[PDB]
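Chemist: Take a look at this one; I'll ask things after.
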Amino acid sequence: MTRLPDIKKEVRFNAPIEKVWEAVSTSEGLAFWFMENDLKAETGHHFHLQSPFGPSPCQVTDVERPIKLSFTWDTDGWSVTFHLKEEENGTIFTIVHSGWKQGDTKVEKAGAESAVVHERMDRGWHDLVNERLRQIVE
């Protein structure tokens, strides 16, 4: 249309949303799959991220029970939102990573094109919230 597509994925794991939540509410639980951090599932909080690419600040925007969760990462403009919801089969986890520009503008931060990175990131993003996370509950 007039922009790049967002990176929204969804997965289903067998476990109590409580565990998953706690796994996506704490830092250790997060870093367990995501990355090292000092998150405490608290809105208006201030926590940094110890990534390999380099240290970057992070700040929670929304966090209340296993229903809505969001946190900022980097300065460029990369934000991801999490959505949890307990179901019959088990727990439902939906990820949403947005923060791209028109399909042409190259990323000065990362390096490779936005689309390229999008696919790359998405890939790992999915794989991340595919098994890497499931293992946190499995």
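Please note that chains go A, B, ... in the order of the structure tokens, that every chain numbers its residues from 1, and that ligands are numbered from 1 in the order shown.
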Excluding residue 39 in chain A and residues on its chain fewer than 6 positions from it, collect all residues at most 10 Å away from it, counting only C-alpha atoms, and give them as a VMD selection string.
Modeler: chain A and resid 24 to 31 45 to 49 58 to 60 71
Chemist: Just write the chosen residues, C-alpha atoms, as a CSV table (one decimal), in the first residue's frame.
Modeler:
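And here is the file that came out, part_2.csv:
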```csv
chain,number,residue,atom,x,y,z
A,24,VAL,CA,7.1,-12.9,29.9
A,25,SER,CA,6.7,-10.8,33.0
A,26,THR,CA,10.1,-11.2,34.5
A,27,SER,CA,13.6,-10.5,33.1
A,28,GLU,CA,15.1,-13.9,33.8
A,29,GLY,CA,12.1,-15.5,32.2
A,30,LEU,CA,12.3,-13.2,29.2
A,31,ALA,CA,16.1,-13.4,28.8
A,45,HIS,CA,9.5,1.5,34.1
A,46,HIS,CA,13.0,1.9,32.9
A,47,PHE,CA,15.2,-1.0,31.9
A,48,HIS,CA,18.1,-1.6,29.6
A,49,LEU,CA,18.9,-4.5,27.3
A,58,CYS,CA,14.2,0.1,27.0
A,59,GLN,CA,11.0,1.3,28.5
A,60,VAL,CA,7.6,-0.3,29.2
A,71,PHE,CA,8.0,-2.5,25.6
```
Chemist: Got a sec: who's within 9 Å of residue 72 in chain A, counting only C-alpha atoms, leaving out chain neighbours fewer than 3 positions off, as a ChimeraX atom specification?
Modeler: /A:57-61,75,77-81
Chemist: Select from range 12-72 of chain A every residue with an atom at most 10 Å from any atom of range 120-129 of chain A, then for each give the shortest pair of atoms and their distance in Å to one decimal, using only C-alpha atoms, rows by chain and rising number, as a tab-separated table.
Modeler:
```
residue	atom	partner	partner_atom	distance
A:12	CA	A:129	CA	9.4
A:13	CA	A:129	CA	9.8
A:33	CA	A:128	CA	6.9
A:34	CA	A:128	CA	7.5
```
Chemist: Given the selection you just returned, output its residues as a file containing N, CA and C atoms, formatted as a PDB file, in the first residue's frame.
Modeler:
```pdb
ATOM      1  N   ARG A  12       1.027 -21.394  19.709  1.00  0.00           N
ATOM      2  CA  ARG A  12       0.263 -22.014  20.778  1.00  0.00           C
ATOM      3  C   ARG A  12       1.129 -23.024  21.534  1.00  0.00           C
ATOM      4  N   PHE A  13       1.191 -22.838  22.844  1.00  0.00           N
ATOM      5  CA  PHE A  13       1.977 -23.722  23.688  1.00  0.00           C
ATOM      6  C   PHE A  13       1.116 -24.329  24.799  1.00  0.00           C
ATOM      7  N   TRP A  33      14.638 -16.538  26.714  1.00  0.00           N
ATOM      8  CA  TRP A  33      14.389 -16.757  25.299  1.00  0.00           C
ATOM      9  C   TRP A  33      14.709 -15.458  24.557  1.00  0.00           C
ATOM     10  N   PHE A  34      14.155 -14.369  25.070  1.00  0.00           N
ATOM     11  CA  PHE A  34      14.373 -13.065  24.468  1.00  0.00           C
ATOM     12  C   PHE A  34      15.833 -12.630  24.612  1.00  0.00           C
TER      13      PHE A  34
END
```
Chemist: So that I can check the secondary structure, give me every residue of chain A assigned strand (DSSP E) by backbone DSSP, as a ChimeraX atom specification.
Modeler: /A:7-13,46-50,55-64,68-73,78-86,91-98
Chemist: Show me, as a PyMOL selection string, the residues that have an atom within 10 Å of residue 85 in chain A when counting only C-alpha atoms, minus same-chain residues fewer than 5 positions from it.
Modeler: chain A and resi 17+21+65-68+90-94
Chemist: Grab the residues selected above and save them as a PDB file, in the first residue's frame with N, CA, C and O atoms.
Modeler:
```pdb
ATOM      1  N   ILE A  17      -0.929 -20.120  31.450  1.00  0.00           N
ATOM      2  CA  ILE A  17      -0.622 -18.745  31.102  1.00  0.00           C
ATOM      3  C   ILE A  17       0.184 -18.104  32.235  1.00  0.00           C
ATOM      4  O   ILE A  17       0.970 -17.187  32.001  1.00  0.00           O
ATOM      5  N   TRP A  21       3.198 -16.172  31.380  1.00  0.00           N
ATOM      6  CA  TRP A  21       3.129 -14.783  31.801  1.00  0.00           C
ATOM      7  C   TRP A  21       4.387 -14.473  32.616  1.00  0.00           C
ATOM      8  O   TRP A  21       5.141 -13.561  32.279  1.00  0.00           O
ATOM      9  N   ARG A  65      -1.343  -7.762  33.607  1.00  0.00           N
ATOM     10  CA  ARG A  65      -1.819  -9.130  33.506  1.00  0.00           C
ATOM     11  C   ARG A  65      -1.494  -9.705  32.126  1.00  0.00           C
ATOM     12  O   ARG A  65      -1.091  -8.973  31.224  1.00  0.00           O
ATOM     13  N   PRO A  66      -1.688 -11.045  32.001  1.00  0.00           N
ATOM     14  CA  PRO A  66      -1.420 -11.727  30.745  1.00  0.00           C
ATOM     15  C   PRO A  66      -2.518 -11.438  29.720  1.00  0.00           C
ATOM     16  O   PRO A  66      -3.314 -12.317  29.394  1.00  0.00           O
ATOM     17  N   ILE A  67      -2.525 -10.203  29.240  1.00  0.00           N
ATOM     18  CA  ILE A  67      -3.513  -9.787  28.259  1.00  0.00           C
ATOM     19  C   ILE A  67      -2.886  -8.759  27.315  1.00  0.00           C
ATOM     20  O   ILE A  67      -3.028  -8.860  26.098  1.00  0.00           O
ATOM     21  N   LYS A  68      -2.205  -7.792  27.913  1.00  0.00           N
ATOM     22  CA  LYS A  68      -1.556  -6.747  27.141  1.00  0.00           C
ATOM     23  C   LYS A  68      -0.162  -6.484  27.716  1.00  0.00           C
ATOM     24  O   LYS A  68       0.007  -6.407  28.932  1.00  0.00           O
ATOM     25  N   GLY A  90      -4.559 -24.431  25.546  1.00  0.00           N
ATOM     26  CA  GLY A  90      -3.513 -23.977  26.447  1.00  0.00           C
ATOM     27  C   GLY A  90      -3.455 -22.448  26.493  1.00  0.00           C
ATOM     28  O   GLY A  90      -4.470 -21.791  26.717  1.00  0.00           O
ATOM     29  N   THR A  91      -2.256 -21.928  26.278  1.00  0.00           N
ATOM     30  CA  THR A  91      -2.051 -20.489  26.292  1.00  0.00           C
ATOM     31  C   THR A  91      -1.787 -19.975  24.875  1.00  0.00           C
ATOM     32  O   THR A  91      -1.089 -20.623  24.096  1.00  0.00           O
ATOM     33  N   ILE A  92      -2.357 -18.815  24.585  1.00  0.00           N
ATOM     34  CA  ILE A  92      -2.192 -18.206  23.276  1.00  0.00           C
ATOM     35  C   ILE A  92      -1.222 -17.027  23.387  1.00  0.00           C
ATOM     36  O   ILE A  92      -1.407 -16.141  24.219  1.00  0.00           O
ATOM     37  N   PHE A  93      -0.208 -17.054  22.534  1.00  0.00           N
ATOM     38  CA  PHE A  93       0.790 -15.999  22.524  1.00  0.00           C
ATOM     39  C   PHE A  93       0.902 -15.362  21.137  1.00  0.00           C
ATOM     40  O   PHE A  93       1.194 -16.047  20.158  1.00  0.00           O
ATOM     41  N   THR A  94       0.664 -14.059  21.099  1.00  0.00           N
ATOM     42  CA  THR A  94       0.735 -13.322  19.848  1.00  0.00           C
ATOM     43  C   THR A  94       1.768 -12.200  19.949  1.00  0.00           C
ATOM     44  O   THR A  94       1.727 -11.393  20.877  1.00  0.00           O
TER      45      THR A  94
END
```
Chemist: What gap, in Å, lies between CA of residue 82 in chain A and CA of residue 70 in chain A?
Modeler: 5.9 Å
Chemist: Within 10 Å of residue 14 in chain A, counting only C-alpha atoms, which residues qualify if same-chain residues fewer than 6 places away don't, as a list in words?
Modeler: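 My list of contacting residues is residues 20, 87, 88, 89, 90, 91, 92, 134, 137 and 138 of chain A.
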Chemist: Put those residues in a file: C-alpha atoms, as a PDB file, in the first residue's frame.
Modeler:
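The result, written out as again.pdb:
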```
ATOM      1  CA  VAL A  20       4.178 -18.113  30.341  1.00  0.00           C
ATOM      2  CA  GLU A  87      -7.503 -20.889  26.041  1.00  0.00           C
ATOM      3  CA  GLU A  88      -8.746 -24.462  26.156  1.00  0.00           C
ATOM      4  CA  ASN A  89      -5.849 -26.042  24.302  1.00  0.00           C
ATOM      5  CA  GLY A  90      -3.513 -23.977  26.447  1.00  0.00           C
ATOM      6  CA  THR A  91      -2.051 -20.489  26.292  1.00  0.00           C
ATOM      7  CA  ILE A  92      -2.192 -18.206  23.276  1.00  0.00           C
ATOM      8  CA  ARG A 134       7.999 -23.049  24.110  1.00  0.00           C
ATOM      9  CA  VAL A 137       7.410 -23.705  29.283  1.00  0.00           C
ATOM     10  CA  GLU A 138       8.487 -27.100  28.003  1.00  0.00           C
TER      11      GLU A 138
END
```
Chemist: Can you list, as a list in words, every protein, DNA or RNA residue that comes within 8 Å of residue 42 in chain A when you count only C-alpha atoms, leaving out same-chain residues fewer than 5 positions away?
Modeler: residues 60, 62, 63 and 64 of chain A
Chemist: Which residue out of A:136, A:110, A:1, A:95 has the minimum interatomic distance to residue 76 in chain A when only C-alpha atoms are used?
Modeler: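 So, comparing all the options, the nearest one is A:110.
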Chemist: Just the number, please: distance in Å from CA of residue 83 in chain A to CA of residue 112 in chain A, one decimal.
Modeler: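 Between CA of residue 83 in chain A and CA of residue 112 in chain A the gap works out to 28.9 Å.
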Chemist: Of the candidates A:16, A:8, A:84, A:109, which one gets nearest to residue 53 in chain A if we count only C-alpha atoms?
Modeler: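 With only C-alpha atoms as the atom set, the closest residue is A:109.
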Chemist: Ranking A:96, A:133, A:35, A:107 by minimum distance to residue 10 in chain A and counting only C-alpha atoms, which one comes first?
Modeler: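 Checking each candidate against residue 10 in chain A, we get A:96 as the closest.
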Chemist: For residue 104 in chain A, please output as number ranges by chain all residues within 8 Å (counting only C-alpha atoms; exclusion window: fewer than 5 positions along the same chain).
Modeler: A: 113-115
Chemist: Given the selection you just returned, output its residues as a file containing N, CA and C atoms, formatted as a compact mmCIF listing (two decimals), in the first residue's frame.
Modeler:
```txt
# COMPACT_ATOMS: atom_id res chain seq x y z
N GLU A 113 18.82 -3.76 3.93
CA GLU A 113 17.53 -3.15 3.68
C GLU A 113 16.55 -3.49 4.80
N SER A 114 15.51 -2.67 4.90
CA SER A 114 14.49 -2.87 5.92
C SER A 114 13.73 -4.17 5.66
N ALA A 115 13.36 -4.36 4.40
CA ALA A 115 12.64 -5.56 4.00
C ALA A 115 13.48 -6.79 4.32
```
Chemist: Using only C-alpha atoms, determine which residues lie at most 10 Å from residue 5 in chain A, disregarding the query and same-chain residues fewer than 2 positions distant; provide the list as a PyMOL selection string.
Modeler: chain A and resi 1-3+7-8+97-103+115+118
Chemist: Hey, can you check how far CA of residue 132 in chain A sits from CA of residue 11 in chain A?
Modeler: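 Separation between CA of residue 132 in chain A and CA of residue 11 in chain A: 11.5 Å.
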